[PDB]
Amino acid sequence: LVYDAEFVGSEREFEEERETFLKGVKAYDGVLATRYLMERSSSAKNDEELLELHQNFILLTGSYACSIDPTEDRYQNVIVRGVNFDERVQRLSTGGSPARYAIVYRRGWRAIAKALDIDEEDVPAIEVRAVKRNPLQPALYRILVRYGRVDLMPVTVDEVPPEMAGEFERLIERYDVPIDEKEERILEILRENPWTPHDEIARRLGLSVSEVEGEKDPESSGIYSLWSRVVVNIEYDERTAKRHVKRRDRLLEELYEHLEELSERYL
């Protein structure tokens, strides 16, 4: 169960990937620090303050993950637990970045940090798998990362469209997309609760998680597949993409000032 990747982009792209990754680590550190304050502090209005700051770190972390490997060709032989994602992604109807494909897996980041000469000892983690507290519908948020949709990932909780969360079905309908019976059955469960964990959905339909999820590609069957099918139709918005990119670093600093104020106040 190795975690490896080779960096095949230019020297410039190397430094550029490092900086993106490191900021995503900063974002993620915040997802964790604030999960700790949630669990380590009891007050009615303190909870909503913490939830909001936490969910903002979830968005910045997803935004930075979206920006990994923008040219989709800076990494090769991306192996997560001995499985080679280069091969798998190349064989997908829509291809794409094996590095962001890896990132959406638990500890995928270990593979990318190896490519980037980022020392594993400082646990430079980035995860993008939040379910319960995720401001977006969870499988959508993972699909947006997989597709590097930095245009679509919101960078603040205020700015999350209902169509990407509680009213996720509005985003699906919008695109006249084919849905099979498995998917229809999953959607019926998520319309009930869009944040229903995937192993719950598995148990409820008598399927395995992987049959619930499917491949992160339009031509498979599962919630990952259905969302892929949708995302791949929403055209890239370079203008929004650039505002998210230039704004988010300022946001990250802002959330860190907040978090450190909340940190000294409690810890």
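In case it trips you up, residue 1 is the first one in the sequence shown, and so on.
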Worksheet item: For the stretches 29 to 37 and 203 to 211, which has the higher mean C-alpha B-factor as given in the deposited record?
Response: 203 to 211
Discussion item. I need to verify one thing: averaged over C-alpha atoms only, is the B-factor higher for 254 to 262 or for 12 to 20?
Written reply: 254 to 262
Practice prompt. Could you say which of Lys132, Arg146, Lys182, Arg107 has its CA atom at the highest B factor, as listed in the PDB entry?
Written response: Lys182
Worksheet item: Which has the highest CA B-factor per the PDB entry: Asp151, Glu188, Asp73, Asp158?
Response: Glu188
Practice prompt. Report the third (lowest, middle or highest) to which the CA temperature factor of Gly95 belongs, ranking only the modelled residues of the same chain.
Written response: middle
Response to the item:
Quick tally, chain-level thirds of C-alpha B-factors: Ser43 sits in the highest
Item to complete: Ordered by C-alpha B-factor within the chain, which third holds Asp117? Give me lowest, middle or highest, please.
Response: middle
Worksheet item: If you rank every modelled residue in this chain by C-alpha B factor, which third holds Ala241: lowest, middle or highest?
Response: middle
Worksheet, complete the sentence: Chain-relative C-alpha B factor for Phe168 (record values, thirds): the highest
